[PDB]
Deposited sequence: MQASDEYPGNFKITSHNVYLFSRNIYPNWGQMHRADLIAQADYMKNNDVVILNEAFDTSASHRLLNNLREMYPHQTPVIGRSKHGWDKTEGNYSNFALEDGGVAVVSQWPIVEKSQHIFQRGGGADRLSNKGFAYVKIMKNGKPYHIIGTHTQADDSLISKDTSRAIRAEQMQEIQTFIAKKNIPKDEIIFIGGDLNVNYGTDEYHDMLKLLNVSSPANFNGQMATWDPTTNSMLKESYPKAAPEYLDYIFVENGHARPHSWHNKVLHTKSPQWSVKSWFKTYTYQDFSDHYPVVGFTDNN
């Protein structure tokens, strides 16, 4: 204990097809669920599963491997043990090959810019694996927005990180049980804000961490080459172990740069062809 526990987190970039109809959402819901990186996990955390149909499709495709699932947060009170804490849901779901004995959602109380149009938050699950409990918080926090200052987006993320810690404190989870916190934290590795995030979530950097990677990379990602070709690569997606609770000897993160099969979309008269599952790369968290 925790043993050979493995979590993959992927911000899958499934925006509303009503607003962004031509980004391959329905097809990528198949490609992602068929990909090797989605196999052999204990738990999978999804982010940006916003589009109603594509997200339903993806979660459905994932049922074979991961039958125990939460709803996407911020849709309604249905399918949750508890709800606490907008054109759109929060885009976060958690799926498991292991039974879920508790699941609740918490919608963030602060938000800024375009993020105010979505019920962003976090999902909490308690799963049982072979007689042993595992606690997983999946989340997707406030982004930097052109129309809000970086001080403002930093403050909002700091408040949202506190929402997570307040929930964990209130939960009174036994210290001999492990808590994971993962998803797109929207804090770039190795910055002052990264330092502070460690304190606010009460976590440490995974072992032998390689930050030279980028989980959001316009220099390599075919979808970002189109939309943000000039932006600097960032490292934004993490899976952490909480420090006040049980820990493995070794906890690691690895960014997976795997390309998807080629896929194409049309907009007006023109064909656009891509080879990525999402604009973010998936991250795998594992004990050594």
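- Several segments of the deposited sequence are absent from the coordinates, namely 1 to 6, 92 to 96, 300 to 301.
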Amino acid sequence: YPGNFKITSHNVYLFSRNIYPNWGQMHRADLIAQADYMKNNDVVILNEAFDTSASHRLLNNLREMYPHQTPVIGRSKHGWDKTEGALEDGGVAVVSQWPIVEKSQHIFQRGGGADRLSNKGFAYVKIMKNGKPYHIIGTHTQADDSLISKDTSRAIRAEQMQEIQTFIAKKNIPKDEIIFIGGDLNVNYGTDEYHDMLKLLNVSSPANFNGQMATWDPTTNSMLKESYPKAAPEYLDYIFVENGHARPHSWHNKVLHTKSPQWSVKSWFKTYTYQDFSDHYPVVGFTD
From here on, numbers count along this sequence of modelled residues.
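- Taking only CA atoms, the mean B-factor in the PDB entry is higher for 209 to 217 than for the other of 89 to 97 and 209 to 217.
- The question of which stretch, 169 to 177 or 136 to 144, has the higher mean Cα B factor is settled in favour of 169 to 177.
- The top Cα temperature factor in the record, among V241, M65, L46, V43, falls on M65.
- Considering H78, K129, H106, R154 together, the PDB entry gives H78 the largest C-alpha B factor.
- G182: CA B factor lies in the lowest third for its chain, per the PDB record.
- For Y235, the recorded CA temperature factor ranks within the middle third of the chain's modelled residues.
- Among all modelled residues in its chain, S222 ranks in the middle third by Cα B-factor.
- The entry lists a Cα temperature factor for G190 that places it in the highest third of the chain's modelled residues.
- Ranked by C-alpha B-factor against the other modelled residues of its chain, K270 falls in the highest third.
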